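Taking it in order: structure first as structure tokens, then the write-up.
In the deposited numbering, the protein residues as written are 6 to 214, 227 to 269.
What follows is the structure, encoded as structure tokens:
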């Protein structure tokens, strides 16, 4: 036969790709759709979605790597999958994660992705240079060097770049401290992760279900919890704070 569905839209975004398809033959009666992808460098397609929706959000894909997508459909009362759409190639976009420049208390590396708490006074949180955390991304930090821990230490993500506070342990923010404590809108939760040392990584994965599901992983343990935001979620900031010198954090 001939293909009853084609890919209509590909939305390339920093944290993934949205694929949308449309029926190009009104006379076909669709029950289910089947979406596959592969890296353009790879031989083999894999199913990512089988269901009756006409769009699917593809997450957790290597950024600025080309992927190829194809879709087909089942229906008309039969069980054979239709022929495939023409394939379409897409990639996630590139929005680099970088620290703010010129914030007193922190010195950055050349590519502005490594931040060191120096010997100067600091007024609070070192934020990302802009809100470049997009839900769907895995945001990874690595501790390069350590200093003395302090309860105001934090690494996290938040809705706004707010001045004044000493840490991200505050409303409309999620973060971990250097003792492994996890804070949601400024309230610590019971489950802890292992305290960070040099070489430790911390990852944040955030998915929407105003209410987000957050996974934080560090030192091969993870916590998963709900994060309630008081307004609609857009791109987020990330940030860190360290009271004492010597803490050095790389963001990927």
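The beta carbon of each residue, even a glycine, is placed where N, CA and C say it ideally should be.
CA-CA distance, residue 161 to residue 132, rounds to 9 Å.
Assignment of residue 16 by DSSP, reduced to helix, strand and coil, places it in the strand class. Excluding the 5 residues flanking it on each side, residue 10 has same chain C-beta neighbours closer than 6 Å at 26, 28, 76, 78, 90, in chain order. Nearest in C-alpha terms to residue 37, of all of 74, 139, 80, is 80. Ranked by Cα distance from residue 68, the first of 264, 44, 59 is 44. The C-beta of residue 49 has fewer than 16 other C-beta atoms within 10 Å across all chains shown, which makes the residue exposed. Excluding its 5 nearest sequence neighbours in each direction, residue 206 has C-beta neighbours in its own chain below 7 Å: 145, 146, 147, 235, listed in chain order. When secondary structure is reduced to three states using DSSP, residue 36 falls in the strand class. For the pair residue 102 and residue 137, the CB atoms are nearer than the 8 Å cut-off. In this model, residue 184 and residue 178 are separated by some 18 Å (Cα to Cα). Judged by beta-carbon spacing, residue 123 lies within the 8 Å limit of residue 110, meaning their Cβ atoms are closer than that value. Here the C-alpha atom of residue 242 lies approximately 33 Å from the C-alpha atom of residue 73. Between the beta-carbon of residue 264 and that of residue 130 there is about 13 Å, and that puts the pair past the 8 Å contact cut.
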